[PDB]
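A.B. asks: 3D model of this:
(60 chains)
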Protein chains: 60
Amino acid sequence: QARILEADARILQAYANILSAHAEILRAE
Amino acid sequence: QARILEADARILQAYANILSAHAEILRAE
Amino acid sequence: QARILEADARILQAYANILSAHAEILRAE
Amino acid sequence: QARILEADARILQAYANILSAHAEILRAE
Amino acid sequence: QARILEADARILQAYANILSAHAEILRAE
Amino acid sequence: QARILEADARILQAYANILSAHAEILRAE
Amino acid sequence: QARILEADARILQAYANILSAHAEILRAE
Amino acid sequence: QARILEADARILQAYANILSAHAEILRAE
Amino acid sequence: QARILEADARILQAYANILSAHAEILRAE
Amino acid sequence: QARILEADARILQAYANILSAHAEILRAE
Amino acid sequence: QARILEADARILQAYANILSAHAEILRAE
Amino acid sequence: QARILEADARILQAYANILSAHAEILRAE
Amino acid sequence: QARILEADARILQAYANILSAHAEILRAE
Amino acid sequence: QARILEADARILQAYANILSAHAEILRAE
Amino acid sequence: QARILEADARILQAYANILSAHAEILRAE
Amino acid sequence: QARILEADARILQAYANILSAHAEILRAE
Amino acid sequence: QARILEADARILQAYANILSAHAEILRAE
Amino acid sequence: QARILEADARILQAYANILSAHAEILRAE
Amino acid sequence: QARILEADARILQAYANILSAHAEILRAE
Amino acid sequence: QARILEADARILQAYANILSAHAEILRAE
Amino acid sequence: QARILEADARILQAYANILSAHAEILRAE
Amino acid sequence: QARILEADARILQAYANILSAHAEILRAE
Amino acid sequence: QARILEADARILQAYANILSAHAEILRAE
Amino acid sequence: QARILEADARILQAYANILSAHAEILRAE
Amino acid sequence: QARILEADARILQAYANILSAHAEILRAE
Amino acid sequence: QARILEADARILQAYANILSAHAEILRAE
Amino acid sequence: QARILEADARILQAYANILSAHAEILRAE
Amino acid sequence: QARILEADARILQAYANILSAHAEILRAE
Amino acid sequence: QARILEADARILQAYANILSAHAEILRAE
Amino acid sequence: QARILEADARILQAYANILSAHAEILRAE
Amino acid sequence: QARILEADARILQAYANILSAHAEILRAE
Amino acid sequence: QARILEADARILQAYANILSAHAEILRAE
Amino acid sequence: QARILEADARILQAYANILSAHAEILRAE
Amino acid sequence: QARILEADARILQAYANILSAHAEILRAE
Amino acid sequence: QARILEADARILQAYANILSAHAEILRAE
Amino acid sequence: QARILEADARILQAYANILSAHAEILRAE
Amino acid sequence: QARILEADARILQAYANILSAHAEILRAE
Amino acid sequence: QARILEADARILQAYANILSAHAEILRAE
Amino acid sequence: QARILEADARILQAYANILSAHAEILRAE
Amino acid sequence: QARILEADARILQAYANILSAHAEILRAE
Amino acid sequence: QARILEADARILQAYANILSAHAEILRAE
Amino acid sequence: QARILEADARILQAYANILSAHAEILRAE
Amino acid sequence: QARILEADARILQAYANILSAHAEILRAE
Amino acid sequence: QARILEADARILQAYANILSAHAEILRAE
Amino acid sequence: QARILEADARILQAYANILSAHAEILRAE
Amino acid sequence: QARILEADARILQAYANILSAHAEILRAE
Amino acid sequence: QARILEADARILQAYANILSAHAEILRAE
Amino acid sequence: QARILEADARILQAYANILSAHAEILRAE
Amino acid sequence: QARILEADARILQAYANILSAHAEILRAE
Amino acid sequence: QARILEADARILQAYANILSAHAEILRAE
Amino acid sequence: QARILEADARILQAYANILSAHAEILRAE
Amino acid sequence: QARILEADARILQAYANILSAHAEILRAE
Amino acid sequence: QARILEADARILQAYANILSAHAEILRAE
Amino acid sequence: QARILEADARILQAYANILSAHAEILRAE
Amino acid sequence: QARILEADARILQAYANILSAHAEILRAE
Amino acid sequence: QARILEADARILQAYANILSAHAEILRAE
Amino acid sequence: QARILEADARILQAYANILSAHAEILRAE
Amino acid sequence: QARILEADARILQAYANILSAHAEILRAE
Amino acid sequence: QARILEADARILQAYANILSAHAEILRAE
Amino acid sequence: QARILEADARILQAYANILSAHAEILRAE
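C.D. replies: Residues are numbered from 1 along each chain as shown, chains lettered A, B, ... in the order given. Have a look at this structure:
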């Protein structure tokens, strides 16, 4: 069951990467 | 029944890989 | 389980970066 | 867990920056 | 945790700046 | 923590300025 | 903390000014 | 703290002025 | 603090004026 | 402080005037 | 000097009892 | 010096009782 | 020094009772 | 030092009662 | 140290009551 | 340490009440 | 350790209330 | 251990409320 | 062991709320 | 043992909500 | 003189109760 | 003279109770 | 002379209780 | 002569208690 | 003088109850 | 002669207690 | 002076109830 | 002669106590 | 001054109820 | 100043109700 | 005598429920 | 005598519930 | 004698509950 | 004799609760 | 003899509580 | 002999409380 | 011998309190 | 021998108080 | 020997008071 | 030997009073 | 006012005539 | 006022006639 | 105002005439 | 007033006749 | 304002005339 | 404002004339 | 007044006859 | 604003004229 | 008055007969 | 804004003229 | 009306005959 | 009315025969 | 009425036979 | 009535047989 | 009635057998 | 009745076996 | 009855084993 | 009964082991 | 029984260890 | 028993250590 929690953590890390990429794209202009 | 949980964990890991790939593609430009 | 908390912290940091970028964009004009 | 508190502090600082920027914009006219 | 209190103080200072700006705008007419 | 009290004092001073401005506006007519 | 008391005194003085202005307006007619 | 007492005295004087104005208005008819 | 007592005396005098005005109005008919 | 006593005396005199006016009104019929 | 002021408050509350008794005289009719 | 201020509050509440009694005189009619 | 401030709050609430009693005088008419 | 701040909150709530009583004076008209 | 922060929250809610009372003053007109 | 964080949440909700009261001031106009 | 996380959730919901109140400030205009 | 996970879900839903409030800020403009 | 799985489902639905809120942010623009 | 399977169904439906939310993110663009 | 009129209204409502009771006598048959 | 009229109203309501009791006698059959 | 009429009302209400008790005798059968 | 009539009312209410007790005898069967 | 008019309104509504009770007497037949 | 009638009422209420006690004898079975 | 006008509105609505009750008397026939 | 009748009432109430005690004997079984 | 105008609107709506009740009197015939 | 205009709109809608009620009087004939 | 006839109607409708229940017994086969 | 007939109707409806429950036993198979 | 028949109806409805519970036992399988 | 039959009905309803609890045991699996 | 049967019903309902508690044990898993 | 059976029912309900407490132990996890 | 059984029930309920307290220990985490 | 068992129940309830106090220690954090 | 066990229960409840006092120490912070 | 144990319980309750007094020292700040 | 009492006496005499007529009708069979 | 007492006596005599008629009807069978 | 009482007396006399007419009509058969 | 006592005596005699008739009916079987 | 009371008296007299006319019409047959 | 009261009195007089005309028309046949 | 005592004696004799009849009925079996 | 009240009075006078005209028309036949 | 005592003696004799009958019934087994 | 009120007054005066013209036209025949 | 009850009894007897015939038919196989 | 009860008993006997026949049919296999 | 109880007993015996048959069928495998 | 108790005992014995059969079936595996 | 207690004992023994079987099944793994 | 106590003892022994089995299972890991 | 006490002792021993197992598990880390 | 005391001692020893384990865990950091 | 005292001593020693550990932790900073 | 006293001494020594640590912490600033 711990694998589900690790997968959720990885999903949230991917979401954070998405948000950081969008922030950098917005700050580009 | 534990195999269902392992399969769900693998599905979530695949979703995280999808999100990371999309993040890298977005950061490419 | 601590990885979930670290991911949440990273998500909130990304949100703060988004807000700071929007603030700088608004202050540009 | 302290990282969550630091992220919340950064979010609130970003909100304060937003409010200060809006105040300066309003005082411009 | 003290950073949260400092951020709250900054938020309240920004609110005071907003109120002062509105007061000056109202006193303009 | 004293910064919170100073911010509250500034907020109340701004409110007093708002009330004084409204009083002057009312006394104008 | 004394600044809070001074701000409260200023708020009450503003309220007294409001009441005096209303009294003068009423006595106008 | 004495400023609070002075402000209260001014508020009560304003209330007395309100009452006197209402008395004069009533005695007008 | 004596100003509070003077203000209370003025308030009571205003109340007495109100009562006298009402008495005269009642005695009019 | 004597002004408070004088104001109370005036209030009681006004009450006596009210009672006398009501007595005269009742004796009218 | 709190006793003198408390006695003044008692006198005013006694007058309030006078007025309330008169009111419930009117109500009993 | 809290006793003097509490006595002032009692005097004002006694006047409030005066006004409320007068109001319910008017209401009983 | 909490007693002095509590007494100030009591004085202000007594004035609030004054104003509310006057309001319900107006309402009873 | 919580008592001083609670007393400040009580003073501000008393002023709020002042303003609400004035409002329902205006509403009763 | 929770009492100090709760007292700060009470002060801010008292100011919120101030603003809401002023709002319903404006609304009653 | 849950009490400190709950008090922080109460402070932020009090500020939210401030902003909502200001909003319904604007709406009442 | 559920209390700390619930308090974090309460803090974030309080910030959400902040943002919603600001939004309905903008909407009321 | 269901309480910890439920608290995590509450934190994520609070962030969802943050994002929705920001969205309806943008929509209100 | 149904509670742990239900909590996992709640976490995933909270992330779904995150994504939907972001979507309607994009839609509101 | 129906509860475990129902919880599995809830987890899968939560993932379905994830995918649908992502889809309507893409659609909102 | 509001009490006499309210008593008249009570008498008429009592007669209304008489008539309604007679009606539901007829209805019960 | 409001007491006599209120007593008349009570007598009529007692007769109304008589009639209603008779009605629910008829209804119970 | 209000006491005699109130006693008459009590007698009639007692008869009403007689009739209602008889009714619920009939109903209990 | 109100006492005699009140005693008559008490006698009738006692008979009402007789009838109600008999009714709930019948009901208990 | 609002009490007299409210009592008049109560008298008229009592007559309205009279007429409605008579109507539902006619309807019950 | 009110005492004789009150004693008669007491006798009848005692008989009512007799009947109620018999009823709850029947009910206890 | 809003109370007098509201009482007038109540009187007119009571007359409206009179007319509607008469109408449904006619309708019940 | 009220004493004889009151004694009769006491005798009957004593018999009522007899019957109630017997009832709660039956109930205790 | 919104209360006076709202009372005027209530008076006019009461007259509208008068006219509608008269209309449905005519319709019931 | 939105309340005054909303009250004007209510007055006009009340007149509209007047006219519509008159119309359906004419229609009921 | 409407109650007896209504009870007869209830008995017949209960028999109708009997027959309908039997019918849907036959239908469920 | 309406109670006896209503009880008969209740008995028949209870038998109807018996038959319907048996029917949905057959249907559940 | 309505109580005996109502108790019979309650017994039959209890048997109906027995049969329905058995039915939903069969249905839950 | 209604109490014995009501107790029988209670026993049967208790058995119905037994069967329903067993059913929802089966359903919870 | 109603008490013995009521106690039997209570015993059966207690067993029903046993079974329901076991069921919600199974459900909580 | 009702007391012994009631005590048995209490023992069984206490065991039911045991089982429910264990269930909500499992649920709290 | 009802006391011994009631004491047994109290012992079992005390153990139930033990288990519930342990459960809410687990829940508080 | 009921006293010994009641004392055992008291000991177990005291341990329950121990556990609940520890729980609310954990909750207060 | 009930006294020794009751004293043991008192000792355990005293320890429970110790733990609760410590808890509300933690809560007061 | 119950006295020694009761004295031990008193000592522990005295320590509990110590801790509670310290707690309300912290709370009074 | 005596005319009201005479009218009430006539109403009660009419009620007595109604009861006597019903008694004669019942005694006819 | 004596006419009211005579009317009450006649009403009670009519009630006695009703009871005697019912007694004779019951004794007929 | 006495005209209202005379009108009420006439209304009650008319009601008594109605009741007497109904009594005579019932006694006709 | 003696007529009321005679009527009460007749009512009680009628009640005694009712009880004697019921006794004879019961002794018939 | 007395004209309103006179009009109400005339309305009640008209209602009494209506009732008397209906009584005469009923007595015609 | 007195003109409104006079108009209401005239309206009620017109209603009384309507009722008297209807009474005469009904008495014609 | 002696008639009331004679009626009470007759009522008690009827109650004794009821008890004797019940005793004979019980002794029959 | 007084013109609105005068217009309302004129409207009500016109309505009274309408009612009087209808009354005369009805009385014509 | 002696008749009341004789009736009480007869009631007690009936109670003794009841007790003797119950004793014989108990001794039968 | 006063022009709107004057226009509303003129509109209502025109409506009154319309009603008066219709009344005269109706009174013509 | 008794004929309706006899007809209902005959209908229920016919239904019982139907059920007995169906039972015999089912028992034939 | 007893015929209805006999018919209900026959209906229930027929239902019991139906159930016994179904039981025998089920036991056949 | 005893026939209804006998029929209910037969119905319950048939239900017991059904349950025993089902138990034997289940024990067959 | 004892037949109902015997039938209930047989029903409970059948339920015990059902439970024992289920226990044996479960213990088979 | 003892058969009911024996059946309850058998039911509880069956429940104990169920629990023992479940315990053995759990201990198997 | 002792069989119920023996069954309760067996149930508690089964519960102890359940707890011991769970303890061994937990100690396995 | 001693078997109940032995079962309670075994239950408490099982609880102690549970607590010791949890303590060892906690001390493992 | 001594086994209960030994079990309580073992439970308290287990609690002491829990506390010692928690103390060691806390002292680890 | 001495084992209970030894267990209490061990519990208190564990509490002392807890307090010493907390003291050392506090002295660390 | 001496072990309890030694444990209490150790607890008090731990409390003294707590107080000394707090004193040193306070003296640090």
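
A.B. asks: whatever residue of chain A ends up closest to chain AG: what's it in contact with?
C.D. replies: Closest to chain AG within chain A is residue A:1: 28.7 Å, counting by CB to the nearest CB. Placement of C-beta: from N, CA and C, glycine included. Residues near residue A:1 by CB atoms under 8 Å, 6 or more residues apart in numbering or on different chains: B:5, S:4.

A.B. asks: in chain A, what residue is nearest chain P?
C.D. replies: Closest residue of chain A to chain P, CB to the nearest CB: residue A:12 (21.2 Å).

A.B. asks: is chain S contacted by the helix or strand in which that residue is found?
C.D. replies: Using DSSP states H and E, residue A:12 falls within helix A:2-28. Yes. Applying CB under 8 Å from any CB of the partner chain, one finds helix A:2-28 touching chain S at A:4, A:8, A:11-12, A:15.

A.B. asks: quick check: residue A:15 touching residue C:11?
C.D. replies: Yes. The pair residue A:15 / residue C:11 is scored as a contact, 6.2 Å apart, by CB atoms under 8 Å.

A.B. asks: quick one, which of the two is more surrounded?
C.D. replies: residue C:11 (24 against 21; other CB atoms under 10 Å in any protein chain shown).

A.B. asks: pretty sure that one sits against residue A:14.
C.D. replies: No. With contact defined as CB under 8 Å, residue C:11 does not reach residue A:14; the gap is 10.4 Å.

A.B. asks: for the closest residue to chain F within chain A, the count of nearby residues, please.
C.D. replies: At 29.0 Å from chain F, residue A:23 is the closest residue in chain A, using CB to the nearest CB. A count of nearby residues for residue A:23, using other CB under 10 Å, gives 19.

A.B. asks: quick one on the thing from earlier: who touches both of residue A:15 and residue C:11?
C.D. replies: Shared contacts of residue A:15 and residue C:11 (CB under 8 Å, 6+ apart): none.

A.B. asks: quick check: the residue of chain A found nearest chain AI vs residue AD:6, distance?
C.D. replies: In chain A, the residue that lies nearest chain AI is residue A:1 (14.4 Å; CB to the nearest CB). Per CB to CB, to the nearest Å, residue A:1 is found 59 Å from residue AD:6.

A.B. asks: from residue T:18, how far off is residue A:14?
C.D. replies: Distance from residue A:14 to residue T:18, by CB to CB: 12 Å.

A.B. asks: check contacts around the closest residue in space to residue A:12 that isn't next to it in sequence.
C.D. replies: Leaving out its chain neighbours, the residue that sits closest to residue A:12 by CB to CB, 6 or more residues apart in numbering or on different chains is residue C:7, at 3.5 Å. Each residue near residue C:7 by CB under 8 Å, 6+ apart is listed here: A:8-9, A:12-13, A:16.

A.B. asks: possible to save the residues you listed as a markdown table with neighbour count and distance to residue AV:27?
C.D. replies: What follows is those, written out as a markdown table (neighbours: other CB atoms under 10 Å in any protein chain shown; distance: CB to CB, whole Å):
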| residue | neighbour count | distance to residue AV:27 |
| --- | --- | --- |
| A:8 | 24 | 88 |
| A:9 | 20 | 92 |
| A:12 | 26 | 88 |
| A:13 | 19 | 93 |
| A:16 | 22 | 89 |
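
A.B. asks: tell me which two of these sit farthest apart.
C.D. replies: A:8 and A:16 (12.8 Å; CB to CB).

A.B. asks: so residue A:17 touches residue B:25, yeah?
C.D. replies: No. Counting by CB under 8 Å, residue A:17 stays clear of residue B:25, with 11.7 Å between them.

A.B. asks: ok, those two, which is more surrounded?
C.D. replies: Using other CB under 10 Å as the criterion, residue A:17 and residue B:25 rank with residue A:17 on top: 21 against 10.

A.B. asks: now for whichever residue of chain A sits closest to chain AC: which residues touch it?
C.D. replies: Nearest residue of chain A to chain AC (CB to the nearest CB) works out as residue A:26 at 45.8 Å. Shown in contact with residue A:26 (CB under 8 Å, 6+ apart): C:18, C:21-22, C:25.

A.B. asks: what's the neighbour count on residue A:28?
C.D. replies: 8.

A.B. asks: what's the closest non-adjacent residue to residue A:27?
C.D. replies: Counting by CB to CB, 6+ apart, the residue nearest residue A:27 is residue C:21, at 4.7 Å.

A.B. asks: quick check: residues of chain A near chain BG?
C.D. replies: Counting by CB under 8 Å from any CB, no residue of chain A is near chain BG.

A.B. asks: which non-adjacent residue is nearest the closest residue to chain AL within chain A?
C.D. replies: Proximity of chain A to chain AL (CB to the nearest CB) peaks at residue A:5, 22.9 Å away. Using CB to CB, 6+ apart and skipping the chain neighbours, the partner closest in space to residue A:5 is residue C:1 (5.9 Å).
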